[PDB]
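Report on the following structure.
All residue numbers refer to positions in the sequence shown, counting from 1. Both ligands and their constituent atoms are indexed starting at 1 by order of listing.
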Amino acid sequence: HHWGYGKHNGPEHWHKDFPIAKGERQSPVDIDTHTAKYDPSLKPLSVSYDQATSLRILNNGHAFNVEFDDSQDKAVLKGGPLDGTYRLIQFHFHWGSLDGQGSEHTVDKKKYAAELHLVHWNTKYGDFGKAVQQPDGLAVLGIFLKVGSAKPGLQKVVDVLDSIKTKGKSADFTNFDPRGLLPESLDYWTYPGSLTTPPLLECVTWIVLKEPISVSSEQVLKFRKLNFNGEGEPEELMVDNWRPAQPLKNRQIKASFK
Ligand SMILES: NS(=O)(=O)c1ccc2c(c1)[C@H]1CCC[C@H]1[C@@H](c1ccc(O)cc1Cl)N2
Ligand SMILES: [Zn+2]
């Protein structure tokens, strides 16, 4: 009886195994655009992905993860609210059963069809396992997906999903360039928060881009053909793998922009 996104094991249940679920800096949150303050001291974000080395794509029973070689400073996130250098380790998405839901963060209570998380760890903690124990261990770059025009840079992801339909399946996934998933603008909101799944550790600087990317109906439909279950188990479609908005509590969301 492991955590998941069903009626009996979903987000309202997680606090029983992970009491930090009701903590002081939980993610995601609603971004009230009128209450977020412009912080003219925030530096522009630095996204250096030109040497990014993708290795593998994995269905972990909760989402699919595209994993990167993070054994050197290849793909890094710096500037914005961050002190130091954060190394890209993996990306994944959260998505809905319908185009009207799927994102974890909301903007004035608006839900997007999906949300991309580019996950980075602080290189002063040496490994991701150490970083998740620190209040400034991770920086997650969050990008909203809306349904409209196709995102050409996503199609290589969409087309390998047949090969990792069920929990525990992995496939080689080399030479994938995550710059193809970025919107034009790097305008962002930032706040201190948490992992959005168990173990819900309060180790994340969230950096949420204002500008969504557009993906096609056919592209998101392929996300929705994935399975939460293992091979040879009854089919349960991988949909609505998103946690809802958590209380902001004693936090301010800052904007990089007016
Ligand atoms: N939706 S998200 O981007 O907020 C997110 C949610 C859950 C997890 C991650 C990212 C990644 C990133 C850091 C820890 C890691 C993971 C975990 C797995 C195995 C481990 O041994 C440790 C950890 Cl903590 N859990
Ligand atoms: Zn995530």
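- Under the 6.0 Å cut-off for aromatic ring centres, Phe223 and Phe64 qualify, their centroids lying closer than that.
- Residue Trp206 places a heavy atom less than 4.0 Å from ligand 1.
- Of the heavy atoms in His94, only side-chain atoms (C-beta onward) come closer than 4.0 Å to ligand 1.
- Ring to ring, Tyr5 and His94 are not that close: their centroids are 6.0 angstrom or more apart.
- Proximity of atom 23 (C) of ligand 1 to the protein is not indicated, since no non-hydrogen protein atom lies closer than 4.0 angstrom.
- For ligand 1 and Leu138, the ligand atoms under 4.0 Å from any heavy atom of the residue are 12 (C), 13 (C).
- Between the side chains of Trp206 and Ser27, at least one donor-acceptor pair of N or O atoms lies under 3.5 Å.
- Within the structure, ring-ring contact (aromatic ring centres under 6.0 Å, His included) pairs that include any residue of residues 142-161 comprise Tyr112-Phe144 (at least two apart or interchain).
- Protein non-hydrogen atoms do reach within 4.0 Å of atom 6 (C) of ligand 1.
- With ligand atoms numbered from 1 in the order given, ligand 1 contributes 3 (O), 12 (C) to contacts under 4.0 Å with heavy atoms of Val119.
- Protein non-hydrogen atoms do reach within 4.0 Å of atom 13 (C) of ligand 1.
- Atom 9 (C) of ligand 1 has its closest protein heavy atom at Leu195 CD2, 4.0 Å.
- A side-chain donor-acceptor contact under 3.5 Å links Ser54 to the backbone of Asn175.
- A distance of 6.0 Å or more separates the ring centres of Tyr86 and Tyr125.
- Put simply, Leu55 and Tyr49 are part of two different groups of oily side chains (I, L, V, M, F, W, Y) that touch within less than 4.5 Å, one to the next.
- Closest to atom 17 (C) of ligand 1 among all protein heavy atoms lies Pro199 CD, 4.8 Å.
- Closest to atom 21 (O) of ligand 1, if we only count protein heavy atoms, is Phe128 CE1, 4.4 Å.
- Protein non-hydrogen atoms do not reach within 4.0 Å of atom 19 (C) of ligand 1.
- Looking at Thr196 next to ligand 1, an N or O pair under 3.5 Å apart turns up.
- Counting only protein N, O or S atoms, 3 lie closer than 2.8 Å to the Zn ion (ligand 2).
- In this structure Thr106 satisfies the side-chain hydrogen bond (donor to acceptor under 3.5 Å, both in side chains) test together with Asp30, sequence neighbours excluded.
- With ring centers used as reference points, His2 lies under 6.0 Å from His62.
- If you look at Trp242 and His105, their ring centroids are not closer than 6.0 Å.
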**Message:** Run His13 and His8 through side-chain hydrogen bond (donor to acceptor under 3.5 Å, both in side chains) and show every step you take.
**Reply:** CA-CA 7 Å; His13 289 270; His8 296 287; 5.3 Å; no

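- In this structure, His92 counts as a contact residue of ligand 1, since one of its heavy atoms falls inside 4.0 Å of the ligand.
- For the side-chain hydrogen bond (donor to acceptor under 3.5 Å, both in side chains) test, no residue two or more places apart in sequence or in another chain qualifies with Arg25.
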